[PDB]
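What follows is each chain in one-letter form.
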Amino acid sequence: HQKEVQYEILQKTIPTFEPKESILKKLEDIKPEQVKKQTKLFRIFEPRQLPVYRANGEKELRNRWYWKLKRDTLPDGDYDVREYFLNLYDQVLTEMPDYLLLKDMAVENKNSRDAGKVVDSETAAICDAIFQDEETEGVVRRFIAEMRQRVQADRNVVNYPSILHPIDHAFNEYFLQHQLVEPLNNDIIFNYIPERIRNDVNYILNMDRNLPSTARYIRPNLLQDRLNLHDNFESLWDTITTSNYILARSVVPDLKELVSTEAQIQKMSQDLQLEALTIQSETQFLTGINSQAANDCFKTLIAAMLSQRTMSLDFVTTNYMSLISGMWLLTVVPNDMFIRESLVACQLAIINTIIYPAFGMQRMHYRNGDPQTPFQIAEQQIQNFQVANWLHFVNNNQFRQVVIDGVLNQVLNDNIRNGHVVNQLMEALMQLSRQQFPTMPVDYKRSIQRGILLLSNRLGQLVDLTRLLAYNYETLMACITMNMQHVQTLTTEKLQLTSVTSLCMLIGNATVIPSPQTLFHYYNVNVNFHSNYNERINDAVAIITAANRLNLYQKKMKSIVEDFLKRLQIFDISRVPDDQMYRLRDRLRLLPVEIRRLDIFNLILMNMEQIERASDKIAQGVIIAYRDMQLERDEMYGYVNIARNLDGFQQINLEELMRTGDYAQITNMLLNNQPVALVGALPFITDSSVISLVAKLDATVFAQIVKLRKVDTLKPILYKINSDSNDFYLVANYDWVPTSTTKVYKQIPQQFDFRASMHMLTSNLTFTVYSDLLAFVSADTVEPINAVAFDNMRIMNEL
Amino acid sequence: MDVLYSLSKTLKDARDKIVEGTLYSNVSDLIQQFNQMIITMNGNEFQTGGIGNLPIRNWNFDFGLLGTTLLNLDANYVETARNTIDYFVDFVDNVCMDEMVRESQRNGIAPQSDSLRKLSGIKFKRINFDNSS
Amino acid sequence: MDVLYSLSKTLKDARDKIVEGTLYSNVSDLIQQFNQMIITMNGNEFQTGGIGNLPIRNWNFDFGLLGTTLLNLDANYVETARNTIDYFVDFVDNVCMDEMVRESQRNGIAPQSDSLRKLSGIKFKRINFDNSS
Amino acid sequence: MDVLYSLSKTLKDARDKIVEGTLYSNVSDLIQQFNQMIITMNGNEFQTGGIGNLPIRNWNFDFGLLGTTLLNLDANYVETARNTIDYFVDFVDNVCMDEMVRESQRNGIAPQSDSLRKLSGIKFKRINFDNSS
């Protein structure tokens, strides 16, 4: 019970989904980055006809075209405006197209006299409106009637006329100029296959498909780990290795034509003569020796080596057959693939139960934490060449590190790959079969020696098994795209030495190699996971950098990191330690932003002020000047208390006033009638009443600031006095200058200019984008009987 | 002096790097700095003095930003950039000449021309970038 | 001239910046410019002439692009870049030598060698970048 | 030598480009290189000068990284960067002086000072960047 409690305490800090196997589905549901196509041009502005007024305030008989936000939904408060622009950045990133084909958006130009087309239907509406307008220039009208698209099918190019606001043109032009589609051909697909599988003679790869010059594809972002999650992220790395282990288990092949379990069990029982001994565990000795255990051992070993997930050894010391099999396990599997305690325990059991007793040596008094493993001490303390040489190999058979195609790989000693070292193992244990075991009881000695011979006499089968395991490991490792970082994980995969015995005693001579489709599926899953990892890193970094550069100080990067981890699809975020979350936040902060997202952010940042000042429901500030200032004459309002700039006034930032809560300065200035300029995104009341101006109601909207110590309810008055006012006669029929003591800091809409809005958008006429490159590869395999290893000899030679 | 040097270096980099056909990645940071300079200088009135025979000159800044969305720079981009670059270069040269012809005894290291004194304000500190000469 | 200078400047920057162990962020723009130069020059045949004792040399460009998927440049990247850089430097030196030994009364400002006249076509203007000398 | 030059070049760029008010885009790559240098040098002990009257200087590197979150550099960023740059510049000057005063008949081209010998290791090769002098 206590063990379960402690293990649950440890596991609650690991974001691994509790039904480990289910992780496989979550890994295989990750698809390639969804290919986004643009259906209409991106627009933030539209041309709109607005009434205009003469200098005397009388509405004119014609409307004028101005640029207005299509969706005017900007909030009040500077911080809220910056949050709105961050949301706009997220929207643009999510809806950013990966490629564009303008012909899809091309529509008939009604006024064209030469069968002209334009992109998009909004451009057609704008062009018709300008064409029908009476105030349009004759030259502009004739150009609309004559402007033409140019479709060059031989060159695969299309140019269309478009009407776009300069910001809209900037966005659409960036989309057109920076598409993610690359030309696709058979050379690209052939090089997409892992290089070591293309060189493997056991796999026949053919290109029985013809790719047109119009074929396209999007390159996966296989950038290596920028977060270095293998370093100082114990829980996240545990989860990553667990997911990789599950996937590798899914792709490891199944053994065929194993030795009959009944025959091998009877052989082992007859040789060991357990019933004749006095062992308290007579039945348990041969339990777990079956074909299922052998397959489980094969899968566990190869998957653990592929995922670089630490393994623990579970064995019963009294079962010396398990130790004899563990000798082979330590011969073939690198010693650093096991948790130090398990390796030490297994090696010490082997030393103190078999090897040292064999040579009449005093049992080793091994001290935990010794820099030397028990086998390292035994190598120096044992004089026999066979056993000492085998011990030397087992001591020095750690993984070697090599970078292939930019991917770090953990590779085996060449003696493991060809299976030759098994001979040495055999040699060593053959010596152990001839040893006296000086003081050991003779029946137990006979049983131990006969088990040693049980393993020894399978030399050919064990060489074949070692070669098969190494070949499978290499072939599946060719499909790994992320660096194989070796880290001792928090939790391990428990490997039963009885399963090792099953694999050693039941392996036949049926070569089983990964299917070409299995290799392609494994490589595709790895590529999808790596690409999603990189893309979500890019998204998180872009959003964090945008929030910091937008001065969104109340933004919590914790939510961004949680969303990033959730989109990685393999983390239960509820079990991520907080220190690791904050370390992830810091490391994400240190990364630079990806070029495309950074360019989009630069566009939004440079156009922020123009977009905000185009809003009709927020003003940029309010000047309280207790002198009487004439109402300005503007074509958009008539008379209006509009400030073109804040020059000549002390500026109080309303956001800073809200954040600090110190209203002493503002209160002192309002009480003493000190001219000031309150700066910040403010809602305003449009007042068309001349009587309101005479009553001076615009100067009565600031006492609530002092009363409530709030600035969120500040709604300055913006007078709009023109002939449409019910009391405009007061302006017209009397000799006076309309004045006010307050002005609203706001901008005037930009006029629509046809010359500045007409652009030519250029794209390709058509192409087809492909996702599964490996579907273009016809992959066959040789007969397993004829499968060869790296040394050009058959994987299994016992035949 | 730092702001004046930054203006001059931005203009020199614009002349050297804004060339037809060049990848925008070769000028992205330069275009960002140039747009920052335009934003900081916009809406400001400057006067270069009438000391000696140097004529009084007035300078206004109401320029638009440069594009940032092309894969390669074209002729239109270069001409649009040059129109602004010529004005900015003329302003910088006139400010430099106005500062070069003035001297003071109490504080000779501080700016002498009113244009450079204005440019020494905090609001122009944004223009400052790489000081390598 | 601008294209030839841009080739020389790109090669000098590749020699100086593409070094083992350097961050890819230190060369991203340089790598993009280098790859653009490779794309533009690939598939083109040049001849540096036999004027005087200068030997006739034929230049063919079939080079792979430099990778863009590293965090720090390694030995493989540097060697792969250096082979191409050596070939391009030899080509540029030969083109410069061919141009230097030529003159004309009519259009002596215009290119004289066949290689530089070919490089004056629009299909090479993409190579053009920072002109700071 | 290349690592020492890269240290000096990074420090010169930091002194010239990390200035108050400058756009972060003007330093972003430089900030990445600077942080790489800080990470590489952190946790390393150096000793310079035991020949002639050159004093024995001991150097420890425990510095925090520069931020990447600002739009324009401010006073705090510049002060932190300046402190780190001052320490690194003093270290580089002392290492250069230590190397300049030594000589060898056999391998005079090879590093002579222990600091440069340590810097010639692989663990410092990451510091290497643009070699343009």
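Residues numbered from 1 in each chain as written, not as in the entry; some residues may be left out. Chains lettered and ligands numbered in written order. Part of a larger assembly, values for the part shown. Heavy atoms only, no water.

Q: Help me understand the overall build of chain A, please; the structure alone is not making it clear to me.
A: Regarding its fold elements, chain A presents 31 helices and 25 strands. Since a compact globule built from 799 residues should have a radius of gyration of about 28 Å, the 39 Å found for chain A marks it as more spread out than a globular shape. The burial tally for chain A puts 55% of its 799 residues in the buried class. Counting only contacts in chain A whose residues sit at least 6 apart along the sequence, the fraction spanning at least 24 positions is 81%. Once the 81 positive and 93 negative side-chain charges of chain A are each reduced to a mean point, those two points are 1 Å apart. (Helix = DSSP H or I, 4+ residues; strand = E, 2+ residues; numbered from the N terminus. Rg over C-alpha atoms; globule rule 2.2 N^0.38 Å. Buried < 20%, exposed > 50% of the residue type's maximum accessible area, 1.4 Å probe, protein only. Contact = heavy atoms within 4.5 Å. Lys, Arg positive; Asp, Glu negative; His and termini not counted. Charge placed at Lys NZ, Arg CZ, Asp CG, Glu CD.)

Q: So what exactly am I meant to see when it comes to the sheet that holds strand β7 (residues 181-183) of chain A here?
A: The pairing of strands in a sheet happens through backbone hydrogen bonds and is either parallel or antiparallel. Residue and element names in this part refer to chain A. One open sheet holds the three strands; their spatial order is β7-β9-β24, and the pairing between them is mixed. At either margin of the open sheet sits one strand with a lone partner, and together these are β7 and β24 (768-770). Averaged over all adjacent pairs, the angle separating strand axes in this sheet is 45 degrees, with direction ignored. Direction of pairing for strand β9 (residues 215-218) relative to β24: parallel, over a ladder of three bridges. Counterpart to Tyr217 in the pairing with β24 is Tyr770. (Pairing = 2+ DSSP bridges. Axes fitted to C-alpha atoms, helices over the stretch in contact; angles between N-to-C directions.)

Q: Sorry if this is basic, but what is going on with the relation of the copies chain B and chain D here?
A: One copy of the chain maps onto the second through a rotation about an axis and a displacement along it. Of the two same-sequence chains, chain B is brought onto chain D (RMSD 0.3 Å, axial shift 0.3 Å) by a rotation of 119 degrees. Expressed as an axis order, the relation between the two copies is that of a three-fold axis. Judged by C-alpha distance, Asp29 of chain B is the residue of chain B that lies nearest the rotation axis, at 6.1 Å. Both copies present different contact surfaces, since only 8% of the interface residues of chain B are interface residues in chain D too. (Least-squares fit on C-alpha atoms.)

Q: Sorry, what's going on with the pattern of salt bridges here?
A: Pairing between side chains becomes possible if they bear opposite charge and their charged atoms approach one another. Residues and elements named next belong to chain A. Scanning the model with the defined rule gives 56 salt bridges over all chains in all. Of the charged contacts in the structure, one is a salt bridge between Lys20 and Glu493, with a shortest N-O distance of 2.7 Å. With a gap of 473 residues between them, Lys20 in the loop between α1 (2-11) and α2 (22-28) and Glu493 in strand β13 (residues 493-496) connect regions that are remote in the sequence. According to the relative accessible area criterion, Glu493 is buried, its value standing at 6%. (Salt bridge = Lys/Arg side-chain N within 4 Å of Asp/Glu carboxyl O.)

Q: Where do I start with the packing of aromatic side chains in this structure?
A: Any two aromatic rings considered together are summarised by their centre-to-centre distance and by the angle between their planes. Using the criterion set out here, one finds 52 aromatic pairs over all chains in the structure. Relative to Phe88 of chain C, the ring of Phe63 of chain C has its centre 5.7 Å away and its plane inclined at 50 degrees; by these criteria the two rings are tilted. Placement of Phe63 of chain C in the loop between β2 (57-60) and α3 (75-100) and of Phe88 of chain C in helix α3 is noted, with a sequence separation of 25 residues between them. With respect to burial, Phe63 of chain C and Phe88 of chain C carry one shared label: buried. One aromatic cluster in this structure is built from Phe34, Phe46, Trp59, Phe61, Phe63, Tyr87, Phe88, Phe91 and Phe124 of chain B. Across from the ring centre of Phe790 of chain A, 3.7 Å away, lies the NZ or CZ of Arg417 of chain A, which sits over that ring. Above the plane of the ring of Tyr79 of chain A lies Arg659 of chain A, whose end atom (NZ or CZ) is 4.9 Å from the centre. (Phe/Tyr/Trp six-rings, centres within 6.5 Å; stacked < 30°, edge-to-face > 60°. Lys NZ or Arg CZ within 6 Å of the ring centre and 35° of its normal.)

Q: Is there a simple way to explain the pairing of strand β1 (residues 45-48) of chain D in this structure?
A: It is a general feature of regular strands that their side chains alternate between the two faces of the sheet. Residue and element names in this part refer to chain D. Every second residue of β1 is oriented toward a common face, the buried set being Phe46 and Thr48 and the non-buried set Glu45 and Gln47. Pairing between β1 and strand β2 (residues 57-60): four bridges, direction antiparallel. Across the sheet, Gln47 pairs through a bridge with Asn58, a residue of β2.

Q: How should I be thinking about the interface of chain A and chain B in this particular structure?
A: By a frequent convention, interface size equals the accessible area lost on bringing the separate parts together. Taken residue by residue, the interface counts nine residues in chain A and 10 residues in chain B. Both faces combined, the contact of chain A with chain B buries some 790 Å², and carbon together with sulfur accounts for 52% of it. Of all residues in chain A, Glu173, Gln177 and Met606 of chain A bury the most surface against chain B, accounting for 53% of the area lost on that side. At the boundary of chain A and chain B, one finds zero salt bridges. If you list the elements that add at least two residues to the side of chain A that touches chain B, you get α7 (166-177) and α25 (595-613) of chain A. Classifying every residue of the side of chain A that touches chain B gives four nonpolar, three polar and two charged. (Buried area = accessible area lost by both parts, 1.4 Å probe. Nonpolar A, V, L, I, M, F, W, Y, C, P; charged D, E, K, R; others polar.)

Q: Sorry, what's going on with the nonpolar core here?
A: One broad trend across soluble globular proteins is that nonpolar side chains are buried collectively. In this structure, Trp328, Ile355 and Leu588 of chain A are the most contacted members of the largest nonpolar core, which totals 212 residues. At 16 residues, helix α22 (residues 516-549) of chain A tops the list of elements feeding residues into this core. Once you skip the residues sitting within four places of it in the chain, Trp328 of chain A turns out to touch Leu301, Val422, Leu425, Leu462, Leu465, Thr466, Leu469, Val500, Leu503 and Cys504 of chain A. Of all hydrophobic cores here, the second largest spans 33 residues; its members include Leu4, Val27, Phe61 and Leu70 of chain B. (Core = buried A, V, L, I, M, F, W, Y, C linked by side-chain atoms within 4.5 Å.)

Q: Where do I start with unusual backbone geometry in this structure?
A: For residues that are not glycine, phi is negative in most cases, and the peptide bond is trans in most cases. All names here are of chain A. Residue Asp120 follows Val119 across a cis peptide bond; omega there is 0 degrees. Residues other than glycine seldom take positive phi values, yet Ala115 does so here, at roughly 60 degrees. Following the sequence through the fold, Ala115 ends up in the loop between β3 (106-108) and β4 (117-119). Of note in this structure, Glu257 is not a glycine but carries a positive phi near 55 degrees.

Q: How should the layout of surface pockets be read in this particular structure?
A: Remark: the empty space left among the atoms is shown by a probe the size of a water molecule rolled over them. Residues and elements named next belong to chain A. Approximately 640 Å³ is the volume found for the second largest pocket. As for the second largest pocket, its lining consists of 24 residues, and the residues nearest its centre are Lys40, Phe42, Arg43, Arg71 and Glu95. With six residues, helix α3 (residues 78-95) is the largest single contributor of residues to the lining of the second largest pocket. Residue classes in the lining of the second largest pocket are distributed as 11 nonpolar, five polar and eight charged. (1 Å grid on protein atoms, 1.4 Å probe; cavity = no way out; pocket = protein on both sides within 12 Å on 5 of 7 lines; lining within 4 Å. Points joined across faces, edges and corners; volume = space filled by probe spheres on them.)

Q: Just checking my understanding: could you explain empty space enclosed by the protein for this structure?
A: Residues and elements named next belong to chain A. Enumeration according to the criterion identifies two cavities of 30 Å³ or more in this entry. Here the largest cavity defines a volume of roughly 320 Å³. Forming the boundary of the largest cavity are 22 residues, of which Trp237, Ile240, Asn244, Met482 and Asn483 lie nearest the centre. For the lining of the largest cavity, the elements supplying multiple residues, two or more each, are α10 (234-251), α12 (291-307) and α22. Among the residues making up the lining of the largest cavity, the classes are represented as 11 nonpolar, 10 polar and one charged. Within this model, the second largest cavity holds a volume of roughly 40 Å³.

Q: Explain the sheet that holds strand β22 (residues 739-745) of chain A to me, please; I cannot follow it from the model alone.
A: Residues and elements named next belong to chain A. Pairing within the open sheet is mixed, and its five strands lie in the order β17-β22-β14-β19-β18. The outermost strands of the open sheet, each flanked by one partner alone, are β17 (642-643) and β18 (651-653). Where strand β14 (residues 619-630) meets strand β19 (residues 676-682), five bridges bridge the pair, whose relative direction is antiparallel. Residue pairing in the sheet places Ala619 in a bridge with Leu682 of β19.

Q: Would you explain the interface of chain B and chain D in this entry?
A: Between chain B and chain D, the residue contacts involve 12 residues of the former and 11 residues of the latter. Here chain B packs against chain D, burying approximately 950 Å² in sum over the two surfaces, 42% of which is carbon and sulfur. For the salt bridge of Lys125 of chain B with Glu20 of chain D, the shortest nitrogen-to-oxygen distance reads 2.6 Å. At the boundary of chain B and chain D, one finds five residue pairs in polar contact. When its residues are assigned to classes, the side of chain B that touches chain D shows two nonpolar, six polar and four charged. (Polar contact = N/O pair within 3.5 Å; in protein donor to acceptor, adjacent residues only side chain to side chain.)

Q: Explain the pairing of β13 of chain A to me, please; I cannot follow it from the model alone.
A: All names here are of chain A. Burial along β13 is one-sided: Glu493 and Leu495 are buried, and none of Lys494 and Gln496, which face the opposite way, are. Note that strand β10 (residues 311-314) and β13 share four bridges and pair parallel. Bridging across to β13, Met311 finds its partner in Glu493.

Q: Just checking my understanding: could you explain a nonpolar patch on the surface for this structure?
A: A cluster of nonpolar side chains, namely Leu590 of chain A together with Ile39 and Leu65 of chain D, defines an oily patch on the protein surface of about 230 Å² accessible area. Mapped onto the fold, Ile39 of chain D is located in helix α2 (residues 28-41). A relative accessible area of 51% places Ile39 of chain D in the exposed class. (Patch = residues over 30% accessible without salt bridge, like charges linked within 9 Å, V, L, I, M, F, W, Y side chains within 5 Å. Areas by Shrake-Rupley, 256 points an atom, 1.4 Å probe, with all protein chains shown as cover.)

Q: Explain a negative patch on the surface to me, please; I cannot follow it from the model alone.
A: All names here are of chain A. Side chains of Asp76, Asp80, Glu83 and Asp712 sit close together on the surface and give a patch of like negative charge. Within the fold, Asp80 resides in helix α3. On the basis of relative accessible area, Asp80 is assigned to the partly exposed category, the value being 33%.

Q: Looking at this structure, I do not really get the side chain of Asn35 of chain C. What am I missing?
A: Residue and element names in this part refer to chain C. Checked against the element boundaries, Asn35 lands in helix α2 (residues 28-41). On the accessibility criterion, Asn35 (10% relative accessible area) is buried. Looking at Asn35, its side chain comes within polar contact range of the main-chain nitrogen of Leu66, at 2.7 Å.

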